[PDB]
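**Q** Okay, here's the structure, questions in a sec.
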Amino acid sequence: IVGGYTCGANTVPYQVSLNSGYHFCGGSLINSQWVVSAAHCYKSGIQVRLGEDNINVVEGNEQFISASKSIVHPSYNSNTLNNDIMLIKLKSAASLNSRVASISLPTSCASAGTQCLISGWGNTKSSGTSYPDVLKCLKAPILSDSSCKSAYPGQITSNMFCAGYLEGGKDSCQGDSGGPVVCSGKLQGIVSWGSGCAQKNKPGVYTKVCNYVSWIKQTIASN
Ligand SMILES: CN1CCC(O/N=C/c2ccc(C(=N)N)cc2)CC1
Ligand SMILES: [Ca+2]
């Protein structure tokens, strides 16, 4: 997260770190045994880390649970990033409390102008590289589809939206991938892609979660 703020320990209780020996992606806990992330975060040997603040220090509220299976969206295209969504099932159910909690799925899509909270342990620099150890947060508005498409001609599908600031300086970044965009207590987006980070006229592009609620629910119901 570039141009954001320190969230505070366990203030974003649905935020997960995906770990394969090191943090590589964020995710969102949607019930005691399922996490939603980006399909571009797919890999084998994922351990899900809940209750994290400093990802480099055991602080007392962590739950580390290995993934038993991952399900990439049936229509995920790695070249266009269309349908950039994946479900991850935990080997055992997480213990839910105030610091480790699921986030609600949307029942309808959010509108341009809605403020959302975007979070993760990704790069904090728009030019260099600096990875924070503690969770970072950014409040950002959803942008109009017209401004999104103008920013990224020929690349924005109906399963994507932009959020952030066309002036630059405030954005998600590498390492935030797969993490949450939460608007009025609902998971509306997943950190998906962008041109660099926090660049002028290049806002973050997010997976449009409301389009996937039917698939998420049916998938969970049978797996
Ligand atoms: C496999 N793999 C693809 C490249 C990189 O992922 N990049 C993610 C990303 C997310 C958000 C933004 C942004 N909001 N500007 C920019 C970039 C690392 C993971
Ligand atoms: Ca920790």
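Identifiers for the structure tokens are assigned positionally: chains receive A, B, ... in sequence, residues are indexed from 1 per chain, and ligands are indexed from 1 in the order shown.
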DSSP on the backbone, then: every residue of stretch 22-212 of chain A marked strand (DSSP E or B), written as number ranges by chain.

**A** A: 23-31, 34-37, 47-50, 63-72, 86-90, 104, 115-120, 136-142, 160-163, 171, 180-183, 186-193, 199, 202, 204-208

**Q** Quick one: everything within 12 Å of residue A:132, counting only C-alpha atoms, minus sequence neighbours fewer than 4 positions away in the same chain. Send it as number ranges by chain.

**A** A: 1-2, 4-7, 23, 53-56, 119-125, 136-137, 173-176

**Q** For ligand 1, list the contacting residues at 6 Å or closer, counting only C-alpha atoms and all ligand atoms, as a ChimeraX atom specification.

**A** /A:40,171-174,177,191-198,204-205

**Q** Write out the residues from the selection above, keeping C-alpha atoms, as a PDB file, in the first residue's frame.

**A**
```
ATOM      1  CA  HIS A  40      -2.908 -14.663  -9.958  1.00  0.00           C
ATOM      2  CA  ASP A 171      -2.714   3.002  -4.250  1.00  0.00           C
ATOM      3  CA  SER A 172      -2.300  -0.705  -3.579  1.00  0.00           C
ATOM      4  CA  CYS A 173       0.878  -2.300  -4.963  1.00  0.00           C
ATOM      5  CA  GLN A 174       2.896  -5.513  -5.474  1.00  0.00           C
ATOM      6  CA  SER A 177      -2.359  -8.824  -4.518  1.00  0.00           C
ATOM      7  CA  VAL A 191      -6.455  -6.368  -5.321  1.00  0.00           C
ATOM      8  CA  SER A 192      -5.791  -7.436  -8.930  1.00  0.00           C
ATOM      9  CA  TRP A 193      -3.562  -5.163 -11.081  1.00  0.00           C
ATOM     10  CA  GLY A 194      -2.371  -1.714 -12.189  1.00  0.00           C
ATOM     11  CA  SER A 195       0.359   0.022 -14.146  1.00  0.00           C
ATOM     12  CA  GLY A 196       3.122   0.486 -11.559  1.00  0.00           C
ATOM     13  CA  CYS A 197       1.744   1.794  -8.231  1.00  0.00           C
ATOM     14  CA  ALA A 198       0.295   5.162  -7.282  1.00  0.00           C
ATOM     15  CA  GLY A 204      -5.730   0.331  -8.939  1.00  0.00           C
ATOM     16  CA  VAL A 205      -7.831  -2.263 -10.765  1.00  0.00           C
TER      17      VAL A 205
END
```

**Q** What does the list of residues within 10 Å of ligand 2 look like if you count only C-alpha atoms and all ligand atoms, written as a PyMOL selection string?

**A** chain A and resi 9+17+49-63+133-134

**Q** Would you mind exporting C-alpha atoms of the selected residues as a compact mmCIF listing (two decimals), in the first residue's frame?

**A**
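Written file, out.txt:
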```
# COMPACT_ATOMS: atom_id res chain seq x y z
CA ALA A 9 -2.99 -4.61 15.05
CA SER A 17 -1.51 -13.37 4.61
CA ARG A 49 -1.99 -16.86 8.23
CA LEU A 50 -4.82 -15.25 10.19
CA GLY A 51 -4.68 -12.72 13.00
CA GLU A 52 -1.44 -11.20 11.64
CA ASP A 53 -0.17 -7.71 12.24
CA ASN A 54 3.62 -7.86 12.01
CA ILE A 55 4.15 -10.75 9.52
CA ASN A 56 7.72 -11.17 10.74
CA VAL A 57 6.94 -11.47 14.48
CA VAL A 58 4.70 -13.89 16.39
CA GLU A 59 2.62 -11.48 18.47
CA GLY A 60 -0.05 -13.75 20.03
CA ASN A 61 -3.21 -13.69 17.93
CA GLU A 62 -2.08 -15.69 14.88
CA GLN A 63 -3.67 -18.82 13.47
CA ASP A 133 6.15 -5.57 8.34
CA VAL A 134 2.81 -4.38 9.80
```

**Q** Find the residue from A:13, A:189, A:153, A:8 that sits nearest to residue A:141; use only C-alpha atoms when measuring.

**A**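 Answer, going by the shortest atom-to-atom distance: A:189.
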
**Q** Pick the closest to residue A:185 from A:104, A:10, A:114, A:95: which is it, counting only C-alpha atoms?

**A**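 That would be A:104, the residue with the smallest distance to residue A:185.
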
**Q** For atom CA of residue A:118 and atom CA of residue A:222, quote the distance in Å rounded to one decimal.

**A**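 For atom CA of residue A:118 relative to atom CA of residue A:222, the distance reads 29.9 Å.
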
**Q** Can you list, as a list in words, every residue of stretch 22-214 of chain A that DSSP puts in helix (DSSP H, G or I)?

**A**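 So, restricting stretch 22-214 of chain A to helix (DSSP H, G or I), we get residues 39, 40, 41, 145, 146, 147, 148, 149, 150, 151, 209, 210, 211, 212, 213 and 214 of chain A.
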
**Q** Extract, using only C-alpha atoms, all DNA, RNA and protein residues at most 9 Å from residue A:213, discarding same-chain residues fewer than 6 positions from it, and format them as a ChimeraX atom specification.

**A** /A:105-107

**Q** Calculate how many Å separate atom CA of residue A:164 from atom CA of residue A:180, rounding to one decimal.

**A** 13.7 Å

**Q** For residue A:210, which residue among A:178, A:25, A:188, A:65 is the nearest when counting only C-alpha atoms?

**A**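 Closest residue, counting only C-alpha atoms: A:188.
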
**Q** Skipping near chain neighbours, those fewer than 5 positions away, what residues fall within 9 Å of residue A:42 using only C-alpha atoms, listed as number ranges by chain?

**A** A: 37, 70-72, 86

**Q** One decimal, Å: what's the distance from atom CA of residue A:97 over to atom CA of residue A:11, could you say?

**A** 12.2 Å

**Q** A:159, A:12, A:221, A:79: which is nearest residue A:109, counting only C-alpha atoms?

**A**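 Among A:159, A:12, A:221, A:79, it is A:159 that comes nearest to residue A:109.
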
**Q** Need the shell around residue A:30: protein/DNA/RNA residues with any atom at most 9 Å away, counting only C-alpha atoms. Skip same-chain ones fewer than 4 positions apart. Format as a VMD selection string?

**A** chain A and resid 14 34 to 36 101 to 105 187

**Q** Taking only C-alpha atoms into account, which of A:219, A:201, A:126, A:111 comes nearest residue A:184?

**A**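 Comparing A:219, A:201, A:126, A:111 against residue A:184, the winner is A:111.
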
**Q** Tell me which protein, DNA and RNA residues are within 9 Å of residue A:113, counting only C-alpha atoms, leaving out same-chain ones fewer than 5 positions away, and put them as an MDAnalysis selection string.

**A** chainID A and resid 140:144 163

**Q** Take the selection from the previous step and output its residues with N, CA and C atoms, as a PDB file, in the first residue's frame.

**A**
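The result, written out as out_31.pdb:
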```pdb
ATOM      1  N   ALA A 140     -10.125   4.670   0.007  1.00  0.00           N
ATOM      2  CA  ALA A 140     -10.163   5.087  -1.402  1.00  0.00           C
ATOM      3  C   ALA A 140     -11.556   4.928  -1.984  1.00  0.00           C
ATOM      4  N   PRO A 141     -11.950   5.846  -2.883  1.00  0.00           N
ATOM      5  CA  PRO A 141     -13.235   5.733  -3.550  1.00  0.00           C
ATOM      6  C   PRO A 141     -13.192   4.854  -4.794  1.00  0.00           C
ATOM      7  N   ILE A 142     -14.285   4.150  -5.029  1.00  0.00           N
ATOM      8  CA  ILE A 142     -14.513   3.508  -6.304  1.00  0.00           C
ATOM      9  C   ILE A 142     -14.668   4.590  -7.383  1.00  0.00           C
ATOM     10  N   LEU A 143     -14.005   4.372  -8.512  1.00  0.00           N
ATOM     11  CA  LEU A 143     -14.063   5.303  -9.641  1.00  0.00           C
ATOM     12  C   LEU A 143     -15.118   4.870 -10.660  1.00  0.00           C
ATOM     13  N   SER A 144     -15.609   5.832 -11.446  1.00  0.00           N
ATOM     14  CA  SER A 144     -16.584   5.538 -12.475  1.00  0.00           C
ATOM     15  C   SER A 144     -15.972   4.583 -13.486  1.00  0.00           C
ATOM     16  N   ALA A 163     -10.368   1.770  -8.330  1.00  0.00           N
ATOM     17  CA  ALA A 163     -10.544   2.551  -7.119  1.00  0.00           C
ATOM     18  C   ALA A 163      -9.237   3.263  -6.855  1.00  0.00           C
TER      19      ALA A 163
END
```
